[PDB]
Amino acid sequence: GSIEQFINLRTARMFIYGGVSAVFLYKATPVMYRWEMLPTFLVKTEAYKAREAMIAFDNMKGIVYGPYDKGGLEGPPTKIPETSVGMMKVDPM
Amino acid sequence: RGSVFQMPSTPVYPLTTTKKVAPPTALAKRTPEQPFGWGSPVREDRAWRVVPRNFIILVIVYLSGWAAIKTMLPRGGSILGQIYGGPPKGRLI
């Protein structure tokens, strides 16, 4: 009593539909976050941060000059061939 | 003139008031010297002269350039090699 003034078709259609949505997002958003469905720019998951924290761009090791590692103790060649030194046509700095 | 199927929607022939002299082929008739083609104006046959001339020029340029490249440039594995395949300037071999 005294709420009937509010109760109305438009006030009801936006109350059932809108409320149904309020629960659809409140219950689905955590699942999307867990399954990496949310956009990365909007938010990064903890799993995303854990993997990204392991990435760096300063490793300059492991350069080899052969297609195969044929075992042994010597390993693949690691020294640039003499005939290849100074064979690059690099534009002047 | 084209297909017998294409035609003007209104069948009109122009009463040309221009006084231009009639092209000779427009008033021509079949003759013993010209069993066929008497209604078409005679034209020059450029293909007979231009096709053998152009072909010779292209062959001469093609062969002359090939000989030149393979005799006026340092020895190399391919034509691109003989042009852009030397070591960097200042690299003494």
# chains A, B, ... in the order shown; residues from 1 in each chain; ligands from 1
$ interface_residues --of "chain A" --to "chain B" --cutoff "10 Å" --atoms "only C-alpha atoms" --output "list in words"
residues 83, 84, 85, 86, 87, 88, 89 and 90 of chain A
$ residues_around --residues "segment 34-45 of chain B" --least-positions-apart "6" --cutoff "9 Å" --atoms "only C-alpha atoms" --output "PyMOL selection string"
chain B and resi 23-28
$ write_last_selection --atoms "C-alpha atoms" --output "PDB file, in the first residue's frame"
ATOM      1  CA  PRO B  23      33.446   9.118 -99.018  1.00  0.00           C
ATOM      2  CA  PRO B  24      34.472   6.998-102.032  1.00  0.00           C
ATOM      3  CA  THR B  25      33.625   3.679-100.335  1.00  0.00           C
ATOM      4  CA  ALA B  26      30.131   4.945 -99.502  1.00  0.00           C
ATOM      5  CA  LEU B  27      29.168   4.949-103.205  1.00  0.00           C
ATOM      6  CA  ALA B  28      31.289   1.932-104.186  1.00  0.00           C
TER       7      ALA B  28
END
$ residues_around --residues "residue 79 of chain A" --least-positions-apart "5" --cutoff "10 Å" --atoms "only C-alpha atoms" --output "PyMOL selection string"
chain A and resi 63-65
$ atom_distance --atom1 "atom CA of residue 56 of chain B" --atom2 "atom CA of residue 72 of chain B"
23.1 Å
